[PDB]
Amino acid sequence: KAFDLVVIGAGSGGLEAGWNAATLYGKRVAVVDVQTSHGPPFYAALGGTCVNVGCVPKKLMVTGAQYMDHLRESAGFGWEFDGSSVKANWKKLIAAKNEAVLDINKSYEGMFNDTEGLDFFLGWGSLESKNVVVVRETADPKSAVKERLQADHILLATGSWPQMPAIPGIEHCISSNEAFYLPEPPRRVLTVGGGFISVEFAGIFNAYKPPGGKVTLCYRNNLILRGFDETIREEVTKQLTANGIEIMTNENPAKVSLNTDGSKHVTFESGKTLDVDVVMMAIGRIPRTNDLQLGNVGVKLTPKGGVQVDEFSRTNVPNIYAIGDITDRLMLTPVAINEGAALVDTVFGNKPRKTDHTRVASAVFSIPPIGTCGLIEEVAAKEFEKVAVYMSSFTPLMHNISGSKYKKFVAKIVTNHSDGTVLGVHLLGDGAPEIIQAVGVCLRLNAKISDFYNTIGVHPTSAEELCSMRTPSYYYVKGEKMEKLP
């Protein structure tokens, strides 16, 4: 019942911190989660949001969606078959994803069982006192107490949860959570949001829609994928349009009414309507703080609801730490994992280490995908006196033959033009996410543009474009865009 470390949330950050504390430093660890395997009612479970209803099933389902392109594209390479016989069996895809996620759920069960002093507790974790975690049967603080856990240290790792805009008929709409378990592929679907989740799902629904199907993505502002490279944002918009996805920008649902056939009548603020079989809200995720009862030990949130932390993942309350999506910064699995490993290496390993939230490689499994690391040029141009942008757009030779001539590969390097230091790298095209990983290592090593251009290309690849760019396309000088320096 006494534990060196109690962790609330057996997710990306929580398990990393948990398993490290146990196996690296022979410490004694409890991990609390509300569910041992994926799906309704709580969706997330043992393994966390990424494993159960995030990166893992998303990537398998985007891989599924990619065959719509491959099947078409194969004809340019001389592949012949009956196109009229091609059907996308959504039910098969979901069953396969379910089995893959369950095998991972069972994998972590093994991990807890085998591993000495690493114990899983089933239920809802909340804070009683600065050193006591109560495990309840339900999210209600009023529900029965399964356990009382004494803690030299408490780790909040409860992640995030979709935000549902409080509009009339929001009970007719779904989140990403429900998208993973639709029994049928929607013929018509509105994905609401211009972020990666809305974009990724629009690709998935687009590939698996029955005949006469239509995918509509709406975004409240003018250009999807805020925080990504602007060239890439414009290109992805075109490429999703080229693949039959309708992009409604400067548009936002006012309310939803169930028609009598079970379909959804969506009324926008502009006053436009659309009938769809599914409205998927992906407008934001917010930190899961409510159910922890933080007001019972005084842990400060930020003005955005996220648990306030210093660089070492420490709350105001000694011995209470917070990592991952609950901190409401970068909502990424490998950042959660990094924070967890750093916290345990600091607190239990006596090797203080802080997560670097700069120069983090990330991706959007849009079709085709984004891979990015470091600063977009607008952000750079505000911090550096002289910023150079190197840029190479090319229709990849295979996509001339494939018939997908809209699939332009985009490679941008943003540098500090004063010393040539690479500030950011932004890729759109097949392989972008794979290419960008080792770019992350390059940025950690303080790579200059000349370290890129002096490295010998691997040919033929899209990646070699990164080692072929010696001349800036344009510059920002004291925040001002211009073709040439004075």
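From 1 onward, residues are counted along the sequence shown. Definition used throughout: the rigid core is the maximal C-alpha set that superposes within 1.5 Å between two forms.
K.L.:
Quick one: with the core lined up, is it 69-77 or 297-305 that wanders further in 8 other deposited structures of this protein, going by C-alpha RMS?
P.N.:
Stretch with the higher C-alpha RMS distance in 8 other deposited structures of this protein: 297-305.
K.L.:
Between 254-262 and 367-375, which one shows the bigger average Cα displacement from this form in 8 other deposited structures of this protein once the rigid core is aligned?
P.N.:
Result of the core-fitted comparison in 8 other deposited structures of this protein: 254-262 deviates more.
K.L.:
Pick between 23-31 and 43-51: the one whose mean CA B-factor in the entry is higher.
P.N.:
Of 43-51 and 23-31, the stretch with the higher C-alpha B-factor average is 23-31.
K.L.:
Quick check: 124-132 versus 412-420, which has the larger average CA B-factor in the record?
P.N.:
Stretch with the greater average CA B-factor: 124-132.
K.L.:
Per the entry, which of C218, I370, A254, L330 tops the list for Cα B factor?
P.N.:
In the PDB entry, the greatest C-alpha B-factor among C218, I370, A254, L330 is found at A254.
K.L.:
Based on what the PDB entry reports, which of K91, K97, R148, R72 has the top C-alpha B-factor?
P.N.:
So the option with the highest C-alpha B-factor is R148.
K.L.:
When the deposited Cα B-factors of this chain's modelled residues are ordered and cut into thirds, is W79 in the lowest, the middle or the highest one?
P.N.:
Lowest third of the chain for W79's C-alpha B-factor.
K.L.:
Looking at the C-alpha B-factor of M248, is it in the lowest, middle or highest third of its chain?
P.N.:
For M248, the deposited C-alpha B-factor lands in the middle third.
K.L.:
Report the third (lowest, middle or highest) to which the CA temperature factor of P165 belongs, ranking only the modelled residues of the same chain.
P.N.:
CA B-factor rank for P165: middle third.
K.L.:
Could you say whether, by C-alpha temperature factor, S392 belongs to the lowest, middle or highest third of its chain?
P.N.:
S392: CA B-factor falls in the middle third of its chain.
K.L.:
Per the entry's values, where does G349 land by CA temperature factor relative to the rest of its chain, in the lowest, middle or highest third?
P.N.:
Middle third of the chain for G349's C-alpha B-factor.
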